[PDB]
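Coordinates as given in protein_14.cif (mmCIF, N, CA and C atoms):
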```cif
data_target
#
loop_
_atom_site.label_atom_id
_atom_site.label_comp_id
_atom_site.auth_asym_id
_atom_site.auth_seq_id
_atom_site.Cartn_x
_atom_site.Cartn_y
_atom_site.Cartn_z
N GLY A 2 -116.05 -83.18 10.79
CA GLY A 2 -116.42 -83.21 12.19
C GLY A 2 -117.88 -83.55 12.40
N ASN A 3 -118.14 -84.78 12.82
CA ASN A 3 -119.51 -85.24 13.05
C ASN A 3 -119.77 -85.45 14.54
N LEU A 4 -120.12 -84.37 15.23
CA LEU A 4 -120.39 -84.43 16.66
C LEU A 4 -119.24 -85.10 17.41
N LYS A 5 -118.02 -84.82 16.97
CA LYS A 5 -116.83 -85.39 17.60
C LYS A 5 -116.85 -85.16 19.11
N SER A 6 -116.77 -86.25 19.87
CA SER A 6 -116.78 -86.17 21.32
C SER A 6 -115.68 -85.23 21.82
N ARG A 7 -114.62 -85.10 21.03
CA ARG A 7 -113.50 -84.24 21.39
C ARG A 7 -113.84 -82.77 21.14
N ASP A 8 -114.01 -82.41 19.88
CA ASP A 8 -114.35 -81.04 19.51
C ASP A 8 -115.60 -80.57 20.23
N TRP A 9 -116.46 -81.52 20.60
CA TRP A 9 -117.70 -81.21 21.29
C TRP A 9 -117.43 -80.89 22.76
N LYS A 10 -117.01 -81.90 23.51
CA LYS A 10 -116.72 -81.74 24.93
C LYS A 10 -115.71 -80.62 25.15
N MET A 11 -114.83 -80.42 24.18
CA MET A 11 -113.82 -79.38 24.26
C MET A 11 -114.43 -78.00 24.04
N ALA A 12 -114.99 -77.79 22.85
CA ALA A 12 -115.61 -76.52 22.51
C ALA A 12 -116.61 -76.09 23.58
N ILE A 13 -117.35 -77.06 24.11
CA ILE A 13 -118.34 -76.79 25.15
C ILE A 13 -117.68 -76.52 26.49
N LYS A 14 -116.55 -77.18 26.73
CA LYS A 14 -115.81 -77.00 27.98
C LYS A 14 -115.27 -75.58 28.09
N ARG A 15 -114.99 -74.96 26.95
CA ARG A 15 -114.46 -73.61 26.92
C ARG A 15 -115.58 -72.60 26.66
N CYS A 16 -116.59 -73.02 25.90
CA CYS A 16 -117.71 -72.15 25.58
C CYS A 16 -118.43 -71.70 26.84
N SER A 17 -118.66 -72.63 27.76
CA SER A 17 -119.35 -72.33 29.01
C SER A 17 -118.62 -71.22 29.77
N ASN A 18 -117.33 -71.07 29.50
CA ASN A 18 -116.52 -70.06 30.15
C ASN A 18 -117.09 -68.66 29.91
N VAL A 19 -117.86 -68.53 28.83
CA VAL A 19 -118.47 -67.25 28.48
C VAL A 19 -119.52 -66.85 29.51
N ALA A 20 -119.79 -65.55 29.59
CA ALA A 20 -120.78 -65.03 30.53
C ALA A 20 -122.07 -64.64 29.82
N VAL A 21 -123.20 -65.00 30.41
CA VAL A 21 -124.50 -64.69 29.83
C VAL A 21 -124.72 -63.18 29.74
N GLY A 22 -124.39 -62.48 30.82
CA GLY A 22 -124.56 -61.04 30.84
C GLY A 22 -126.00 -60.62 30.65
N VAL A 23 -126.28 -59.34 30.90
CA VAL A 23 -127.63 -58.81 30.75
C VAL A 23 -127.61 -57.32 30.44
N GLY A 24 -126.72 -56.60 31.13
CA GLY A 24 -126.62 -55.17 30.91
C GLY A 24 -125.92 -54.46 32.05
N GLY A 25 -125.93 -55.08 33.23
CA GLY A 25 -125.29 -54.49 34.39
C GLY A 25 -124.64 -55.52 35.28
N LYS A 26 -125.30 -56.66 35.45
CA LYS A 26 -124.78 -57.73 36.29
C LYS A 26 -124.02 -58.76 35.45
N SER A 27 -123.68 -59.89 36.06
CA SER A 27 -122.95 -60.94 35.37
C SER A 27 -123.70 -62.27 35.45
N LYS A 28 -123.19 -63.28 34.76
CA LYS A 28 -123.81 -64.60 34.75
C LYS A 28 -122.96 -65.59 33.97
N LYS A 29 -123.21 -66.88 34.19
CA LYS A 29 -122.47 -67.93 33.50
C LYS A 29 -123.36 -68.63 32.47
N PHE A 30 -122.81 -68.85 31.28
CA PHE A 30 -123.55 -69.51 30.21
C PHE A 30 -123.59 -71.02 30.43
N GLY A 31 -124.79 -71.59 30.36
CA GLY A 31 -124.95 -73.02 30.55
C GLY A 31 -125.21 -73.75 29.25
N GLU A 32 -125.13 -75.08 29.30
CA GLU A 32 -125.35 -75.90 28.11
C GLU A 32 -126.80 -75.78 27.63
N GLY A 33 -127.70 -75.48 28.55
CA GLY A 33 -129.10 -75.34 28.20
C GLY A 33 -129.35 -74.20 27.24
N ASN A 34 -128.85 -73.02 27.59
CA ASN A 34 -129.02 -71.84 26.75
C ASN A 34 -128.18 -71.95 25.48
N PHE A 35 -126.93 -72.37 25.64
CA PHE A 35 -126.02 -72.51 24.51
C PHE A 35 -126.60 -73.46 23.46
N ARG A 36 -127.39 -74.42 23.92
CA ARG A 36 -128.01 -75.39 23.02
C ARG A 36 -129.21 -74.78 22.30
N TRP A 37 -130.08 -74.13 23.05
CA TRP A 37 -131.26 -73.49 22.48
C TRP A 37 -130.88 -72.51 21.38
N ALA A 38 -129.70 -71.91 21.51
CA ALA A 38 -129.21 -70.96 20.52
C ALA A 38 -128.64 -71.67 19.31
N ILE A 39 -127.55 -72.41 19.52
CA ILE A 39 -126.90 -73.14 18.43
C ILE A 39 -127.91 -73.99 17.67
N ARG A 40 -128.89 -74.54 18.39
CA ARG A 40 -129.91 -75.37 17.78
C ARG A 40 -130.87 -74.53 16.94
N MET A 41 -131.49 -73.54 17.58
CA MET A 41 -132.43 -72.66 16.89
C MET A 41 -131.78 -72.00 15.68
N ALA A 42 -130.48 -71.71 15.79
CA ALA A 42 -129.74 -71.09 14.70
C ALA A 42 -129.62 -72.03 13.51
N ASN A 43 -129.20 -73.26 13.78
CA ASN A 43 -129.03 -74.26 12.73
C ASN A 43 -130.34 -74.46 11.97
N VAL A 44 -131.43 -74.63 12.70
CA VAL A 44 -132.74 -74.84 12.10
C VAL A 44 -133.14 -73.64 11.24
N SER A 45 -132.80 -72.44 11.71
CA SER A 45 -133.13 -71.22 10.99
C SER A 45 -132.45 -71.20 9.62
N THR A 46 -131.34 -71.92 9.50
CA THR A 46 -130.60 -71.98 8.25
C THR A 46 -130.93 -73.25 7.48
N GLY A 47 -132.15 -73.75 7.67
CA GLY A 47 -132.58 -74.95 6.98
C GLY A 47 -131.63 -76.12 7.21
N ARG A 48 -131.11 -76.23 8.43
CA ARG A 48 -130.19 -77.30 8.77
C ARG A 48 -130.67 -78.05 10.01
N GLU A 49 -130.13 -79.25 10.21
CA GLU A 49 -130.51 -80.08 11.35
C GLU A 49 -130.38 -79.29 12.65
N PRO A 50 -131.12 -79.72 13.68
CA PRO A 50 -131.11 -79.07 15.00
C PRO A 50 -129.79 -79.27 15.73
N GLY A 51 -129.33 -80.52 15.78
CA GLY A 51 -128.08 -80.82 16.45
C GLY A 51 -126.88 -80.67 15.54
N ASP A 52 -126.80 -79.54 14.85
CA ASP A 52 -125.69 -79.27 13.94
C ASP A 52 -124.50 -78.69 14.70
N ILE A 53 -123.49 -79.52 14.93
CA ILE A 53 -122.30 -79.09 15.64
C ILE A 53 -121.08 -79.10 14.73
N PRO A 54 -121.00 -78.10 13.83
CA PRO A 54 -119.89 -77.98 12.88
C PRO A 54 -118.58 -77.60 13.57
N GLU A 55 -117.46 -77.92 12.93
CA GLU A 55 -116.15 -77.61 13.48
C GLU A 55 -115.27 -76.92 12.43
N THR A 56 -115.87 -75.99 11.69
CA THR A 56 -115.15 -75.26 10.66
C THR A 56 -115.64 -73.82 10.56
N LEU A 57 -114.70 -72.88 10.50
CA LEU A 57 -115.04 -71.46 10.40
C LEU A 57 -115.99 -71.21 9.23
N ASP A 58 -115.90 -72.06 8.21
CA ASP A 58 -116.75 -71.93 7.03
C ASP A 58 -118.20 -72.26 7.37
N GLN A 59 -118.39 -73.30 8.19
CA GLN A 59 -119.73 -73.72 8.58
C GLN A 59 -120.32 -72.76 9.61
N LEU A 60 -119.53 -72.43 10.63
CA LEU A 60 -119.98 -71.53 11.68
C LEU A 60 -120.32 -70.16 11.11
N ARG A 61 -119.40 -69.59 10.34
CA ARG A 61 -119.60 -68.29 9.73
C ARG A 61 -120.79 -68.32 8.76
N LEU A 62 -120.89 -69.40 8.00
CA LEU A 62 -121.98 -69.55 7.04
C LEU A 62 -123.34 -69.40 7.72
N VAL A 63 -123.49 -70.03 8.88
CA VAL A 63 -124.73 -69.97 9.63
C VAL A 63 -124.97 -68.56 10.18
N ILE A 64 -123.93 -67.98 10.76
CA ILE A 64 -124.02 -66.64 11.32
C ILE A 64 -124.43 -65.62 10.26
N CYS A 65 -123.97 -65.84 9.04
CA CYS A 65 -124.28 -64.95 7.93
C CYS A 65 -125.75 -65.08 7.52
N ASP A 66 -126.13 -66.27 7.08
CA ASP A 66 -127.50 -66.53 6.66
C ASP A 66 -128.48 -66.18 7.77
N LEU A 67 -128.16 -66.60 8.99
CA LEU A 67 -129.01 -66.33 10.14
C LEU A 67 -129.24 -64.83 10.31
N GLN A 68 -128.16 -64.06 10.24
CA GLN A 68 -128.25 -62.61 10.39
C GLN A 68 -129.23 -62.02 9.38
N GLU A 69 -129.15 -62.48 8.14
CA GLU A 69 -130.03 -62.00 7.08
C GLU A 69 -131.49 -62.21 7.45
N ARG A 70 -131.81 -63.43 7.89
CA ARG A 70 -133.18 -63.76 8.28
C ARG A 70 -133.63 -62.92 9.47
N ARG A 71 -132.70 -62.66 10.38
CA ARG A 71 -133.00 -61.87 11.57
C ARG A 71 -133.52 -60.48 11.18
N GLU A 72 -132.81 -59.82 10.28
CA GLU A 72 -133.21 -58.49 9.83
C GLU A 72 -134.58 -58.53 9.15
N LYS A 73 -134.73 -59.43 8.19
CA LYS A 73 -135.99 -59.56 7.47
C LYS A 73 -137.13 -59.88 8.42
N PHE A 74 -136.80 -60.49 9.56
CA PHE A 74 -137.80 -60.85 10.56
C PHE A 74 -138.05 -59.68 11.51
N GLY A 75 -137.05 -58.83 11.67
CA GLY A 75 -137.18 -57.69 12.56
C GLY A 75 -136.38 -57.85 13.83
N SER A 76 -136.62 -56.97 14.80
CA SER A 76 -135.91 -57.02 16.07
C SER A 76 -136.57 -58.01 17.02
N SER A 77 -135.75 -58.66 17.84
CA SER A 77 -136.25 -59.65 18.80
C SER A 77 -135.11 -60.20 19.65
N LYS A 78 -135.26 -60.10 20.96
CA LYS A 78 -134.24 -60.59 21.89
C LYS A 78 -133.97 -62.07 21.66
N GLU A 79 -134.95 -62.77 21.09
CA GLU A 79 -134.81 -64.19 20.82
C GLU A 79 -133.79 -64.44 19.70
N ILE A 80 -134.08 -63.90 18.52
CA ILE A 80 -133.20 -64.06 17.38
C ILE A 80 -131.83 -63.44 17.65
N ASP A 81 -131.83 -62.31 18.35
CA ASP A 81 -130.59 -61.62 18.68
C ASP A 81 -129.67 -62.52 19.51
N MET A 82 -130.24 -63.19 20.50
CA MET A 82 -129.48 -64.08 21.36
C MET A 82 -128.87 -65.23 20.56
N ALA A 83 -129.70 -65.90 19.78
CA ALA A 83 -129.25 -67.02 18.96
C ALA A 83 -128.04 -66.62 18.11
N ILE A 84 -128.07 -65.40 17.59
CA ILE A 84 -126.97 -64.90 16.77
C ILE A 84 -125.70 -64.72 17.59
N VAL A 85 -125.79 -63.90 18.63
CA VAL A 85 -124.65 -63.65 19.50
C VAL A 85 -124.02 -64.95 19.98
N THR A 86 -124.86 -65.93 20.29
CA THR A 86 -124.39 -67.23 20.77
C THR A 86 -123.62 -67.96 19.68
N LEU A 87 -124.13 -67.90 18.45
CA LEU A 87 -123.49 -68.56 17.32
C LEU A 87 -122.06 -68.06 17.14
N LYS A 88 -121.88 -66.75 17.26
CA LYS A 88 -120.56 -66.15 17.11
C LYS A 88 -119.62 -66.61 18.22
N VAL A 89 -120.13 -66.62 19.45
CA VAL A 89 -119.34 -67.04 20.60
C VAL A 89 -119.04 -68.54 20.55
N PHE A 90 -119.93 -69.29 19.91
CA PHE A 90 -119.77 -70.73 19.79
C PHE A 90 -118.60 -71.07 18.87
N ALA A 91 -118.53 -70.38 17.73
CA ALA A 91 -117.46 -70.61 16.77
C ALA A 91 -116.12 -70.16 17.32
N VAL A 92 -116.12 -69.02 18.02
CA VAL A 92 -114.90 -68.49 18.61
C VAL A 92 -114.46 -69.30 19.82
N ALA A 93 -115.31 -69.32 20.85
CA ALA A 93 -115.01 -70.07 22.07
C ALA A 93 -114.93 -71.56 21.79
N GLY A 94 -115.43 -71.97 20.63
CA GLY A 94 -115.41 -73.38 20.26
C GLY A 94 -114.26 -73.72 19.34
N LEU A 95 -114.36 -73.28 18.09
CA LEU A 95 -113.32 -73.55 17.10
C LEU A 95 -111.99 -72.96 17.54
N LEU A 96 -112.03 -71.73 18.05
CA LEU A 96 -110.82 -71.06 18.52
C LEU A 96 -110.55 -71.37 19.98
N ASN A 97 -111.46 -72.12 20.60
CA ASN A 97 -111.32 -72.50 22.00
C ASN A 97 -111.04 -71.27 22.87
N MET A 98 -111.56 -70.13 22.45
CA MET A 98 -111.37 -68.88 23.18
C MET A 98 -112.19 -68.88 24.47
N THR A 99 -111.74 -68.12 25.46
CA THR A 99 -112.43 -68.03 26.74
C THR A 99 -112.87 -66.60 27.03
N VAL A 100 -113.57 -65.99 26.07
CA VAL A 100 -114.05 -64.63 26.22
C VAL A 100 -114.80 -64.45 27.54
N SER A 101 -114.85 -63.22 28.03
CA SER A 101 -115.53 -62.92 29.29
C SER A 101 -117.05 -63.00 29.11
N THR A 102 -117.57 -62.23 28.16
CA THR A 102 -119.00 -62.21 27.90
C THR A 102 -119.29 -62.56 26.44
N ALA A 103 -120.49 -63.07 26.19
CA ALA A 103 -120.89 -63.44 24.84
C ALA A 103 -120.78 -62.26 23.88
N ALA A 104 -121.09 -61.07 24.39
CA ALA A 104 -121.03 -59.85 23.59
C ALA A 104 -119.59 -59.56 23.15
N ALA A 105 -118.66 -59.67 24.10
CA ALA A 105 -117.26 -59.41 23.81
C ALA A 105 -116.74 -60.33 22.71
N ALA A 106 -117.13 -61.60 22.77
CA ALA A 106 -116.72 -62.58 21.78
C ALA A 106 -117.26 -62.23 20.39
N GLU A 107 -118.56 -61.97 20.32
CA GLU A 107 -119.19 -61.62 19.06
C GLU A 107 -118.53 -60.39 18.44
N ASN A 108 -118.28 -59.38 19.26
CA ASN A 108 -117.66 -58.15 18.79
C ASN A 108 -116.31 -58.44 18.13
N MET A 109 -115.50 -59.27 18.78
CA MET A 109 -114.19 -59.63 18.26
C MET A 109 -114.33 -60.50 17.01
N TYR A 110 -115.31 -61.40 17.02
CA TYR A 110 -115.54 -62.29 15.89
C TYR A 110 -115.72 -61.49 14.60
N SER A 111 -116.49 -60.41 14.68
CA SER A 111 -116.74 -59.57 13.52
C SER A 111 -115.64 -58.52 13.35
N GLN A 112 -115.07 -58.10 14.47
CA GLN A 112 -114.01 -57.10 14.46
C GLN A 112 -112.81 -57.59 13.66
N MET A 113 -112.65 -58.91 13.59
CA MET A 113 -111.55 -59.51 12.85
C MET A 113 -111.91 -59.71 11.38
N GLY A 114 -113.21 -59.78 11.11
CA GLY A 114 -113.67 -59.96 9.74
C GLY A 114 -114.23 -61.35 9.50
N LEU A 115 -114.74 -61.97 10.55
CA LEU A 115 -115.31 -63.31 10.45
C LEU A 115 -116.82 -63.24 10.27
N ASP A 116 -117.42 -62.15 10.73
CA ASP A 116 -118.86 -61.96 10.61
C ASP A 116 -119.18 -60.76 9.73
N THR A 117 -119.66 -61.04 8.52
CA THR A 117 -120.01 -59.98 7.57
C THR A 117 -121.01 -59.01 8.18
N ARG A 118 -120.89 -57.74 7.81
CA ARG A 118 -121.79 -56.70 8.32
C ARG A 118 -122.62 -56.10 7.19
N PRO A 119 -123.59 -56.88 6.69
CA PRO A 119 -124.47 -56.44 5.60
C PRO A 119 -125.44 -55.34 6.04
#
```
Let's see the structure in the file written out as structure tokens.
Amino acid sequence: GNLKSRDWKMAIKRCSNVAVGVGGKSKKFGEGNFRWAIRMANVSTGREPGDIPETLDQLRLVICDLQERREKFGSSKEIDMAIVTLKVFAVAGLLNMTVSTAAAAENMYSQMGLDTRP
């Protein structure tokens, strides 16, 4: 999958369905934020910025390595967001899931055993 217009427009068409959320109110996830995350995440894993993989192996691989760097780097709403987004991207993307909030998706992603909990 090399930036397939299908898997792309599709995964993104369903990914946006996710909610940004904050803690009490609601919100809709846009391509702008979804990009800053998926992009920042890919780069964090020594990979290209516009890395749009279409395999649980690639998505999970990034979420794993990224998580490791996040801890070693410490706490930060920035790194935290990029991570949560990565999980929702693989689910709402590869699985074309339409989770309500990014948090709900991430929780399920790991709840199933797709995101290692080191």
Please report, as a Markdown table, each residue of stretch 71-95 of chain A lying at most 6.5 Å from stretch 26-43 of chain A, together with the nearest pair of atoms and the separation in Å rounded to one decimal; use all atoms listed in the file, and order rows by chain and ascending residue number.
```
| residue | atom | partner | partner_atom | distance |
| --- | --- | --- | --- | --- |
| A:82 | C | A:38 | CA | 5.7 |
| A:83 | CA | A:38 | CA | 4.2 |
| A:84 | N | A:38 | CA | 6.4 |
| A:86 | C | A:39 | N | 5.9 |
| A:87 | N | A:39 | N | 5.8 |
```
Selection under test: the PyMOL selection byres ((chain A and resi 102-104) around 7); residues as a PyMOL selection string: chain A and resi 18-22+85-86+89+99-101+105-109
Alpha helix (DSSP H) positions in chain A, given as a PyMOL selection string: chain A and resi 6-16+32-45+57-74+78-95+103-112
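Using only N, CA and C atoms, the nearest neighbour of residue A:8 within the list A:98, A:80, A:23, A:53 is A:53.
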Just stretch 30-96 of chain A from the block, C-alpha atoms, as a PDB file, in the first residue's frame, could you?
```pdb
ATOM      1  CA  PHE A  30     -11.412  15.162  14.253  1.00  0.00           C
ATOM      2  CA  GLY A  31     -10.117  16.938  11.162  1.00  0.00           C
ATOM      3  CA  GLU A  32      -7.513  16.039   8.549  1.00  0.00           C
ATOM      4  CA  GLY A  33      -5.283  18.761   9.962  1.00  0.00           C
ATOM      5  CA  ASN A  34      -4.894  17.211  13.406  1.00  0.00           C
ATOM      6  CA  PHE A  35      -5.021  13.627  12.138  1.00  0.00           C
ATOM      7  CA  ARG A  36      -2.107  14.530   9.866  1.00  0.00           C
ATOM      8  CA  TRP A  37       0.029  16.267  12.491  1.00  0.00           C
ATOM      9  CA  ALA A  38      -0.291  13.087  14.553  1.00  0.00           C
ATOM     10  CA  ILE A  39       0.194  10.333  11.976  1.00  0.00           C
ATOM     11  CA  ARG A  40       3.022  12.432  10.540  1.00  0.00           C
ATOM     12  CA  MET A  41       4.789  13.283  13.799  1.00  0.00           C
ATOM     13  CA  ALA A  42       4.415   9.628  14.784  1.00  0.00           C
ATOM     14  CA  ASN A  43       6.021   8.267  11.614  1.00  0.00           C
ATOM     15  CA  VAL A  44       8.969  10.649  11.944  1.00  0.00           C
ATOM     16  CA  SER A  45       9.378   9.656  15.592  1.00  0.00           C
ATOM     17  CA  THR A  46       9.943   6.099  14.372  1.00  0.00           C
ATOM     18  CA  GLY A  47      12.706   7.144  11.995  1.00  0.00           C
ATOM     19  CA  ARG A  48      10.272   6.935   9.090  1.00  0.00           C
ATOM     20  CA  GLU A  49       9.063   9.296   6.363  1.00  0.00           C
ATOM     21  CA  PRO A  50       6.546  12.012   7.332  1.00  0.00           C
ATOM     22  CA  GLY A  51       3.842  11.018   4.867  1.00  0.00           C
ATOM     23  CA  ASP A  52       3.899   7.371   5.918  1.00  0.00           C
ATOM     24  CA  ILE A  53       0.424   5.986   5.238  1.00  0.00           C
ATOM     25  CA  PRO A  54       0.741   2.225   5.862  1.00  0.00           C
ATOM     26  CA  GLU A  55      -2.161  -0.174   5.322  1.00  0.00           C
ATOM     27  CA  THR A  56      -1.140  -3.128   7.490  1.00  0.00           C
ATOM     28  CA  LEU A  57      -1.707  -3.944  11.161  1.00  0.00           C
ATOM     29  CA  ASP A  58       1.984  -4.858  11.241  1.00  0.00           C
ATOM     30  CA  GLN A  59       3.062  -1.382  10.138  1.00  0.00           C
ATOM     31  CA  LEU A  60       0.503   0.534  12.201  1.00  0.00           C
ATOM     32  CA  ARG A  61       1.128  -1.522  15.339  1.00  0.00           C
ATOM     33  CA  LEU A  62       4.887  -1.380  14.770  1.00  0.00           C
ATOM     34  CA  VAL A  63       4.792   2.421  14.909  1.00  0.00           C
ATOM     35  CA  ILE A  64       2.456   2.529  17.907  1.00  0.00           C
ATOM     36  CA  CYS A  65       4.848   0.217  19.749  1.00  0.00           C
ATOM     37  CA  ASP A  66       8.147   1.960  19.006  1.00  0.00           C
ATOM     38  CA  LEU A  67       6.478   5.353  19.421  1.00  0.00           C
ATOM     39  CA  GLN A  68       5.121   4.405  22.845  1.00  0.00           C
ATOM     40  CA  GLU A  69       8.613   3.419  23.983  1.00  0.00           C
ATOM     41  CA  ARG A  70      10.059   6.784  22.959  1.00  0.00           C
ATOM     42  CA  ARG A  71       7.142   8.564  24.629  1.00  0.00           C
ATOM     43  CA  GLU A  72       7.952   7.052  28.026  1.00  0.00           C
ATOM     44  CA  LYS A  73      11.691   7.683  27.725  1.00  0.00           C
ATOM     45  CA  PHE A  74      10.779  11.252  26.779  1.00  0.00           C
ATOM     46  CA  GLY A  75       8.307  11.658  29.624  1.00  0.00           C
ATOM     47  CA  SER A  76       4.749  12.967  29.841  1.00  0.00           C
ATOM     48  CA  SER A  77       3.416  15.413  27.251  1.00  0.00           C
ATOM     49  CA  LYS A  78       0.000  16.141  25.747  1.00  0.00           C
ATOM     50  CA  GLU A  79       1.826  16.378  22.419  1.00  0.00           C
ATOM     51  CA  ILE A  80       3.337  12.889  22.309  1.00  0.00           C
ATOM     52  CA  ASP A  81       0.245  11.483  24.019  1.00  0.00           C
ATOM     53  CA  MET A  82      -2.014  12.816  21.264  1.00  0.00           C
ATOM     54  CA  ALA A  83       0.178  11.488  18.453  1.00  0.00           C
ATOM     55  CA  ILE A  84      -0.035   8.053  20.070  1.00  0.00           C
ATOM     56  CA  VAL A  85      -3.796   7.979  20.631  1.00  0.00           C
ATOM     57  CA  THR A  86      -4.243   9.164  17.046  1.00  0.00           C
ATOM     58  CA  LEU A  87      -2.002   6.414  15.673  1.00  0.00           C
ATOM     59  CA  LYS A  88      -4.164   3.770  17.348  1.00  0.00           C
ATOM     60  CA  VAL A  89      -7.385   5.326  16.053  1.00  0.00           C
ATOM     61  CA  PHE A  90      -5.823   5.647  12.600  1.00  0.00           C
ATOM     62  CA  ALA A  91      -5.068   1.931  12.304  1.00  0.00           C
ATOM     63  CA  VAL A  92      -8.475   0.966  13.694  1.00  0.00           C
ATOM     64  CA  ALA A  93     -10.690   3.580  12.048  1.00  0.00           C
ATOM     65  CA  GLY A  94      -8.477   3.166   8.997  1.00  0.00           C
ATOM     66  CA  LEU A  95      -7.423  -0.443   8.468  1.00  0.00           C
ATOM     67  CA  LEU A  96     -10.540  -1.702  10.249  1.00  0.00           C
TER      68      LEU A  96
END
```
